[PDB]
Each structure stands twice: as structure tokens, then as C-alpha cells.
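Next up, start-v5.cif (mmCIF, C-alpha atoms and all ligand atoms):
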data_data
#
loop_
_atom_site.label_atom_id
_atom_site.label_comp_id
_atom_site.auth_asym_id
_atom_site.auth_seq_id
_atom_site.Cartn_x
_atom_site.Cartn_y
_atom_site.Cartn_z
CA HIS N 1 -15.53 -6.81 -12.37
CA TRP N 2 -12.29 -7.78 -10.60
CA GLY N 3 -12.16 -8.31 -6.90
CA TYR N 4 -11.11 -10.60 -4.05
CA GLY N 5 -14.13 -12.92 -4.13
CA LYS N 6 -14.47 -16.55 -5.00
CA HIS N 7 -14.77 -15.90 -8.75
CA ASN N 8 -12.93 -12.70 -9.71
CA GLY N 9 -9.78 -12.74 -7.56
CA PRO N 10 -6.09 -12.40 -8.36
CA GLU N 11 -5.77 -15.57 -10.34
CA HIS N 12 -8.38 -14.19 -12.88
CA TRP N 13 -6.97 -10.68 -13.28
CA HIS N 14 -4.75 -11.56 -16.18
CA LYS N 15 -7.74 -12.00 -18.50
CA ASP N 16 -8.63 -8.30 -18.32
CA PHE N 17 -5.13 -7.07 -17.49
CA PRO N 18 -2.35 -9.29 -19.22
CA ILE N 19 0.60 -7.46 -17.66
CA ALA N 20 -0.57 -9.43 -14.60
CA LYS N 21 1.90 -11.96 -16.02
CA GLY N 22 4.53 -9.24 -16.76
CA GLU N 23 8.16 -8.88 -15.87
CA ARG N 24 7.90 -6.53 -12.90
CA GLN N 25 4.74 -7.44 -11.00
CA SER N 26 4.10 -6.84 -7.31
CA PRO N 27 4.03 -7.90 -4.57
CA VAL N 28 6.96 -10.27 -4.12
CA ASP N 29 8.48 -12.36 -1.40
CA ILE N 30 11.48 -10.57 0.07
CA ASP N 31 14.06 -13.28 0.62
CA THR N 32 16.16 -11.40 3.24
CA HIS N 33 19.26 -13.50 2.81
CA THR N 34 19.50 -12.76 -0.88
CA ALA N 35 18.65 -9.06 -0.80
CA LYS N 36 21.91 -7.21 -1.05
CA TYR N 37 22.98 -4.38 0.99
CA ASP N 38 23.60 -1.41 -1.27
CA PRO N 39 25.89 1.18 0.31
CA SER N 40 24.85 3.60 -2.53
CA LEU N 41 21.22 3.71 -1.15
CA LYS N 42 20.43 6.88 0.78
CA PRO N 43 18.34 7.31 3.92
CA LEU N 44 14.73 7.65 3.08
CA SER N 45 13.45 11.25 3.48
CA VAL N 46 9.84 11.31 4.54
CA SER N 47 8.55 14.86 5.00
CA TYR N 48 4.97 14.76 6.07
CA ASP N 49 4.84 17.85 8.33
CA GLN N 50 2.53 19.74 5.94
CA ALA N 51 0.41 16.80 4.85
CA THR N 52 -3.22 17.78 4.33
CA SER N 53 -5.69 14.95 4.43
CA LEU N 54 -9.01 15.65 2.99
CA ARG N 55 -11.24 12.62 2.90
CA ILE N 56 -11.54 8.89 3.45
CA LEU N 57 -13.25 6.71 0.80
CA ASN N 58 -14.46 3.12 0.58
CA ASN N 59 -13.64 2.33 -2.98
CA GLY N 60 -14.93 -1.22 -2.89
CA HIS N 61 -11.46 -2.89 -2.69
CA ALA N 62 -10.01 -0.97 0.35
CA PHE N 63 -10.40 2.42 1.94
CA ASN N 64 -8.22 5.34 0.86
CA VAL N 65 -7.23 8.30 3.00
CA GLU N 66 -6.77 11.03 0.37
CA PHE N 67 -4.51 14.02 0.51
CA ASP N 68 -4.16 17.46 -1.04
CA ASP N 69 -1.58 16.96 -3.54
CA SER N 70 -2.00 20.33 -5.39
CA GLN N 71 0.99 21.97 -3.42
CA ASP N 72 4.36 20.69 -2.57
CA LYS N 73 3.62 19.23 0.84
CA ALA N 74 4.07 15.61 1.95
CA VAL N 75 6.73 14.27 -0.11
CA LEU N 76 9.08 11.29 -0.21
CA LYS N 77 12.61 11.58 -1.55
CA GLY N 78 16.05 10.04 -1.11
CA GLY N 79 16.27 6.37 -0.57
CA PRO N 80 16.50 4.83 -4.00
CA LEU N 81 14.60 7.70 -5.61
CA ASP N 82 15.73 10.44 -8.02
CA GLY N 83 13.60 13.44 -7.56
CA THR N 84 10.46 14.30 -5.57
CA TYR N 85 7.38 12.18 -4.96
CA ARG N 86 4.18 13.65 -3.57
CA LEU N 87 1.77 11.80 -1.27
CA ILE N 88 -1.68 11.31 -2.82
CA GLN N 89 -3.31 8.56 -0.70
CA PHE N 90 -2.76 5.73 1.67
CA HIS N 91 -4.63 2.48 2.10
CA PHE N 92 -4.21 -0.99 3.60
CA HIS N 93 -4.52 -4.63 2.65
CA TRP N 94 -5.53 -7.09 5.33
CA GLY N 95 -6.67 -10.57 6.10
CA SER N 96 -9.62 -12.49 7.49
CA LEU N 97 -7.27 -13.78 10.21
CA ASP N 98 -4.20 -12.35 11.86
CA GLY N 99 -2.00 -14.87 10.08
CA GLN N 100 -2.46 -13.38 6.62
CA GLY N 101 -3.16 -10.03 4.99
CA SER N 102 0.11 -8.56 3.79
CA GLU N 103 0.95 -8.39 0.07
CA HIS N 104 4.70 -8.49 0.43
CA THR N 105 6.10 -11.36 2.48
CA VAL N 106 9.45 -11.59 4.29
CA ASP N 107 11.06 -15.04 4.01
CA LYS N 108 7.52 -16.23 3.29
CA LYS N 109 6.16 -14.64 6.49
CA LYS N 110 2.75 -13.01 6.03
CA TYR N 111 1.86 -10.09 8.25
CA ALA N 112 -1.69 -9.27 9.40
CA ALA N 113 -1.87 -6.25 7.11
CA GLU N 114 0.18 -3.89 4.99
CA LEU N 115 -0.04 -0.09 4.67
CA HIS N 116 0.70 1.53 1.32
CA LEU N 117 1.58 5.23 1.22
CA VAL N 118 1.29 6.16 -2.45
CA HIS N 119 3.36 8.95 -3.98
CA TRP N 120 3.77 10.26 -7.53
CA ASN N 121 6.83 11.70 -9.21
CA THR N 122 6.41 15.43 -9.60
CA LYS N 123 8.24 15.42 -12.81
CA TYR N 124 5.15 14.04 -14.47
CA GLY N 125 2.80 16.76 -13.25
CA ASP N 126 -0.06 14.65 -11.93
CA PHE N 127 -0.80 11.14 -10.71
CA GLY N 128 -2.65 10.04 -13.89
CA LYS N 129 0.35 10.86 -16.04
CA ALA N 130 2.79 9.36 -13.53
CA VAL N 131 1.22 5.90 -13.58
CA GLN N 132 2.10 5.69 -17.28
CA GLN N 133 5.82 5.92 -16.52
CA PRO N 134 8.33 3.38 -15.38
CA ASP N 135 9.44 5.63 -12.48
CA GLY N 136 6.06 7.29 -11.92
CA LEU N 137 5.23 6.16 -8.39
CA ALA N 138 6.94 5.39 -5.13
CA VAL N 139 4.94 3.27 -2.69
CA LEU N 140 6.11 3.06 0.87
CA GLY N 141 4.96 -0.27 2.30
CA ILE N 142 4.73 -0.86 6.05
CA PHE N 143 3.82 -4.16 7.66
CA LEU N 144 1.27 -4.40 10.47
CA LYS N 145 1.44 -7.04 13.21
CA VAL N 146 -1.17 -7.53 15.94
CA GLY N 147 -0.03 -6.57 19.44
CA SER N 148 -0.17 -3.18 21.17
CA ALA N 149 -2.49 -0.59 19.66
CA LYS N 150 -1.20 2.10 17.31
CA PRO N 151 -2.61 5.27 18.81
CA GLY N 152 -2.10 7.22 15.59
CA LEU N 153 -4.29 4.75 13.75
CA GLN N 154 -7.36 5.11 15.97
CA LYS N 155 -8.77 8.18 14.12
CA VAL N 156 -8.91 6.07 10.96
CA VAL N 157 -10.47 3.16 12.76
CA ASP N 158 -13.19 5.21 14.30
CA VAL N 159 -14.36 6.74 11.03
CA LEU N 160 -14.76 3.39 9.42
CA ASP N 161 -18.36 2.79 10.53
CA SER N 162 -19.25 5.88 8.42
CA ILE N 163 -17.84 4.43 5.23
CA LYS N 164 -18.97 0.85 5.68
CA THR N 165 -19.93 0.20 2.13
CA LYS N 166 -18.51 0.94 -1.32
CA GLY N 167 -18.72 4.56 -2.55
CA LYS N 168 -19.21 5.97 0.85
CA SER N 169 -16.80 8.81 1.80
CA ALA N 170 -16.34 11.04 4.85
CA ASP N 171 -14.44 14.25 5.44
CA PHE N 172 -11.12 13.41 7.03
CA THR N 173 -9.05 16.42 7.68
CA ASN N 174 -6.02 16.95 9.83
CA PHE N 175 -4.90 13.37 9.87
CA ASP N 176 -1.17 13.09 10.40
CA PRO N 177 0.36 10.05 8.61
CA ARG N 178 3.58 10.41 10.68
CA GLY N 179 1.66 8.54 13.37
CA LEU N 180 1.70 5.40 11.13
CA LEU N 181 5.61 5.24 10.79
CA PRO N 182 7.75 2.74 12.70
CA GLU N 183 10.66 3.91 14.53
CA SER N 184 13.32 2.80 11.83
CA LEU N 185 13.31 3.72 8.14
CA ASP N 186 15.53 0.78 7.16
CA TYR N 187 14.06 -0.64 3.92
CA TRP N 188 14.17 -2.99 0.97
CA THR N 189 13.53 -1.67 -2.53
CA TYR N 190 12.79 -3.12 -5.96
CA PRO N 191 11.01 -2.10 -9.20
CA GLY N 192 7.42 -3.35 -9.44
CA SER N 193 3.81 -2.59 -10.13
CA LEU N 194 0.48 -1.58 -8.76
CA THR N 195 -0.92 -4.55 -6.84
CA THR N 196 -4.50 -3.97 -8.06
CA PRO N 197 -5.81 -3.66 -11.61
CA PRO N 198 -4.64 -2.09 -13.86
CA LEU N 199 -1.39 -3.59 -12.43
CA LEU N 200 0.72 -0.92 -14.16
CA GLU N 201 4.50 -1.36 -13.96
CA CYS N 202 5.18 2.12 -12.62
CA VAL N 203 6.23 1.65 -8.99
CA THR N 204 9.51 1.90 -7.09
CA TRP N 205 8.63 -0.16 -4.02
CA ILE N 206 10.17 0.84 -0.67
CA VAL N 207 9.21 -1.72 2.00
CA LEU N 208 10.18 -0.92 5.59
CA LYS N 209 11.75 -3.70 7.60
CA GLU N 210 10.22 -2.71 10.95
CA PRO N 211 6.49 -3.42 11.25
CA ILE N 212 4.10 -1.32 13.23
CA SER N 213 2.00 -3.06 15.80
CA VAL N 214 -1.81 -2.46 15.90
CA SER N 215 -4.26 -4.00 18.28
CA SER N 216 -6.67 -6.95 17.53
CA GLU N 217 -9.49 -4.55 18.06
CA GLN N 218 -8.12 -2.12 15.45
CA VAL N 219 -7.66 -4.75 12.76
CA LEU N 220 -11.11 -6.29 13.70
CA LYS N 221 -12.70 -2.95 12.74
CA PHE N 222 -11.02 -3.08 9.27
CA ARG N 223 -12.68 -6.47 8.85
CA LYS N 224 -16.21 -5.04 9.46
CA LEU N 225 -16.01 -3.03 6.25
CA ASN N 226 -17.85 -4.28 3.24
CA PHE N 227 -16.83 -4.77 -0.36
CA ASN N 228 -20.48 -4.36 -1.47
CA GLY N 229 -22.50 -1.16 -1.76
CA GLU N 230 -25.34 -0.25 0.54
CA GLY N 231 -28.37 -2.63 0.14
CA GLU N 232 -26.45 -5.35 -1.58
CA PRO N 233 -25.64 -8.75 -0.07
CA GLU N 234 -22.99 -8.27 2.68
CA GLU N 235 -19.47 -9.31 1.73
CA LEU N 236 -16.98 -8.54 4.42
CA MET N 237 -13.90 -6.61 3.13
CA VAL N 238 -11.23 -9.17 4.14
CA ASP N 239 -8.39 -10.82 2.26
CA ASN N 240 -7.98 -7.88 -0.10
CA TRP N 241 -4.37 -8.81 -0.84
CA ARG N 242 -2.64 -10.09 -3.97
CA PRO N 243 -0.28 -13.05 -3.43
CA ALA N 244 3.47 -12.80 -4.09
CA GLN N 245 4.39 -12.81 -7.80
CA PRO N 246 7.48 -14.13 -9.57
CA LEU N 247 10.56 -12.04 -9.00
CA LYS N 248 11.82 -12.73 -12.60
CA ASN N 249 14.76 -10.67 -13.47
CA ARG N 250 14.88 -8.51 -10.36
CA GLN N 251 17.10 -7.69 -7.51
CA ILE N 252 15.85 -6.55 -4.15
CA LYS N 253 18.26 -4.14 -2.44
CA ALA N 254 18.59 -3.49 1.25
CA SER N 255 19.39 -0.09 2.76
CA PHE N 256 20.91 -1.71 5.88
CA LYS N 257 23.33 -4.24 7.29
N1 LIG K 1 -1.82 -1.31 -3.91
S1 LIG K 1 -0.82 -0.25 -4.60
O1 LIG K 1 -0.24 0.60 -3.61
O2 LIG K 1 0.09 -0.94 -5.50
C1 LIG K 1 -1.75 0.83 -5.61
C2 LIG K 1 -1.65 2.22 -5.51
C3 LIG K 1 -2.42 3.05 -6.30
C4 LIG K 1 -3.29 2.54 -7.21
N2 LIG K 1 -4.08 3.44 -7.95
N3 LIG K 1 -4.62 2.97 -8.98
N4 LIG K 1 -5.28 3.74 -9.86
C5 LIG K 1 -5.00 3.20 -11.17
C6 LIG K 1 -5.71 3.58 -12.45
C7 LIG K 1 -5.01 4.87 -12.81
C8 LIG K 1 -5.47 5.99 -11.88
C9 LIG K 1 -6.40 5.72 -10.68
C10 LIG K 1 -5.74 5.03 -9.49
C11 LIG K 1 -3.43 1.16 -7.37
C12 LIG K 1 -2.66 0.28 -6.57
ZN ZN K 2 -1.91 -1.26 -1.97
#
Please lay out the structure from this file as C-alpha cells.
Ligand SMILES: NS(=O)(=O)c1ccc(/N=N/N2CCCCCC2)cc1
Ligand SMILES: [Zn+2]
Amino acid sequence: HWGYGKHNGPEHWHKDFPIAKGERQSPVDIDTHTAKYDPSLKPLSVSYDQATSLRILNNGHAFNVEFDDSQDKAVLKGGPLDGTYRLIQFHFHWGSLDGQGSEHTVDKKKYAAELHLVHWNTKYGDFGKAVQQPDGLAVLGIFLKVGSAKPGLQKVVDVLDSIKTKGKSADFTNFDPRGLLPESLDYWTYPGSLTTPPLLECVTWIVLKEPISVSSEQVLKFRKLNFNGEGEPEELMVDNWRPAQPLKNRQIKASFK
């Protein structure tokens, strides 16, 4: 099966999933000088005050914090979006070292990690139907740099020892994702894809310019997770990021400056 190992990583994915070589793949390098400011872009509206987390899951490629998406609660709207996108899960990608880990890059700069808040367009009724549409998902991407701790991340970090290995889950209620948001909602946006198989071309990407800082100790605990299941040979869950893909016929737009 696909993964991030020595034999099944991103450069192999195209054999099982040929849209890996498609026209709107993610992530990309954000060349900041060529992104154009679009005065028609609206402020992002992030309304997470009623978000209801339920569980955290090691899915073998990352960990997902899952939400109740059966009511109109945590939604994302505005920005470049038409309509209303509901939060279903968040997860991260990260490196073996602080100098790599992000999926998007900024002028070729890699960050230590990247948070993806995944939302689906309510017009399609559920997530599984949304991923089949060109405007089905909106993923809010947030860079992580290593410096001062993020206090609103620590609840996630501390539960990680309970989901060390693939398939493990733990109840995870009352987690407030507002504690993961940088001060500014300035962003870049472009049309792209899921960054893991099946690599579907269904995402409006919204990448915040301002990173969040997390501590070395916090990111070190991400790197103690395992890709393998319990009782299998230990493979640390590190470098679970896809490299930048060709921009092809795409423009990245900036909400600022
Ligand atoms: N890394 S990412 O945010 O682009 C992302 C978000 C969500 C994803 N969910 N993928 N699934 C795809 C198969 C269809 C339904 C199950 C979830 C995959 C990748
Ligand atoms: Zn992701």
C-alpha cells in the first residue's frame, strides 16, 4: 500500500493513482512575488465557536482529530469560497527534522510542519460526495515553526501516547481548534487536490501566511508516533509530507498587500 517509506512514497503514487500527474495537484510552492493580490478576495470567515470534536485517530499516515459534522457548526466561508464549508477533521504533516515537514513551501522555504483543517461544501450533503466535486473541499493550511509552545496544541500532544500505532483511536471531546489559529487570517489561495491518495482534484486551498509557533518538545512528540500497527516493526511517523508539485496552469492569489 502507499505510504512515506523507502519503497511506496510519493514518487510511486502515480501507479495506483494516475491523477498524481494531473493538472491541479497539491501541494505547490507559493512563489510570493508572483502571487497576485486580488482585491475581490474577501476576509476569511472562520466560525469555530460550536465545533464539537469527538475523537482522535492514528490512521497510519497521520493522526486526525475528528469533528461532529452532522449539524451546522464549525464552518468556513468567505475568502475565495462560494457557500458554506463544514469542518470534518484536522491533521498535520511533519518532518524528521525541524528543517522539513510542510507540504506547501513559501519561496522554497519548508516549515517544520503543516496543519490541515479539512472542510466540505454543504451543497453536496456529505464529505464522500463532496470529494467527487471540483469545489467539494476547502482546506485551511497553517504552517508550524519551532519556537515558543502553542498552548492550545498541548491537549493534542498529550493524547498522542494513547494512539501510538495505526488504528488506535481515543475519545477527544471539547477540543477547541481556535487555539491553533495565528493571529492574522491573511492567505494565499489556489485550486488543488488532496495531498494523499486518492489525490482527488476537489480542494480550494487556503494557506495562511502567518505560521504558528510550537515548541521542539511538541513537535518531538509528533515524531514518536508510529506508521505501523501494534506488534509490527517500529517505523516512526515522520516525513509524512508530499513534495511540491508542478503549478501547471494555475494562479495563486493573495488576500493581502
Ligand atoms: N492532506 S489533505 O488535507 O489534502 C487531505 C484531506 C482529506 C483527505 N481525506 N481523504 N479521504 C479520501 C477518500 C475519500 C474519503 C475518505 C477520506 C485526504 C487528504
Ligand atoms: Zn493534509
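We find CA of residue 147 in chain N and CA of residue 64 in chain N to be spaced 23.5 Å apart.
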Distance criterion (all atoms listed in the file): nearest to residue 125 in chain N out of N:63, N:85, N:92, N:205: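 Counting all atoms listed in the file, the residue closest to residue 125 in chain N is N:85.
Based on all atoms listed in the file, the protein and nucleic acid residues found within 6 Å of ligand LIG 1 (chain K) are, by chain and then by number, residues 116, 118, 128, 139, 194, 195, 196 and 198 of chain N.
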Would you mind exporting C-alpha atoms of the selected residues as a tab-separated table (two decimals), in the coordinates of the input?
chain	number	residue	atom	x	y	z
N	116	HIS	CA	0.70	1.53	1.32
N	118	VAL	CA	1.29	6.16	-2.45
N	128	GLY	CA	-2.65	10.04	-13.89
N	139	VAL	CA	4.94	3.27	-2.69
N	194	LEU	CA	0.48	-1.58	-8.76
N	195	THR	CA	-0.92	-4.55	-6.84
N	196	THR	CA	-4.50	-3.97	-8.06
N	198	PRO	CA	-4.64	-2.09	-13.86
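Across the structure, CA of residue 84 in chain N and CA of residue 119 in chain N are spaced 9.0 Å apart.
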I'd like the contact shell of residue 39 in chain N - 10 Å cut-off, all atoms listed in the file, skipping same-chain residues fewer than 4 positions apart - returned as number ranges by chain. N: 253-257
I'd like the contact shell of range 93-107 of chain N - 8 Å cut-off, only C-alpha atoms, skipping same-chain residues fewer than 4 positions apart - returned as a VMD selection string. chain N and resid 26 to 32 62 111 to 115 143 to 146 222 to 223 238 to 244
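Take CA of residue 167 in chain N and CA of residue 55 in chain N: the distance between them is 12.3 Å.
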Pick from N:60, N:221, N:90, N:68, whichever lies nearest to residue 235 in chain N using all atoms listed in the file: N:60
Within 12 Å of residue 12 in chain N, counting only C-alpha atoms, which residues show up once you throw out same-chain ones fewer than 2 positions away? Write them as a ChimeraX atom specification, please. /N:1-10,14-18,20-21,196-197,242
Counting all atoms listed in the file, closest pick from N:82, N:168, N:131, N:176 relative to residue 155 in chain N is N:176
9 Å contact set for residue 69 in chain N, all atoms listed in the file, chain neighbours under 5 positions out, as a PyMOL selection string: chain N and resi 51-52+74+86-88+126
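Shortest separation to ligand ZN 2 (chain K) among N:117, N:44, N:212, N:19 occurs at residue N:117, atoms counted being only C-alpha atoms and all ligand atoms.
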Taking every listed atom of range 28-41 of chain N and adding 4 Å to each side, what centre and edge lengths in Å (one decimal) does the axis-aligned box have, as AutoDock Vina command-line options?
--center_x 16.4 --center_y -4.9 --center_z -0.4 --size_x 26.9 --size_y 25.2 --size_z 15.4
Smallest atom-to-atom distance to ligand ZN 2 (chain K): which of N:71, N:132, N:121, N:193, using all atoms listed in the file? N:193
Around the point (10.3, 3.2, -10.0), in the coordinates given by the file, pick out the residues reaching within 6 Å, counting all atoms listed in the file, and return them as a ChimeraX atom specification. /N:134-135,191,202-204
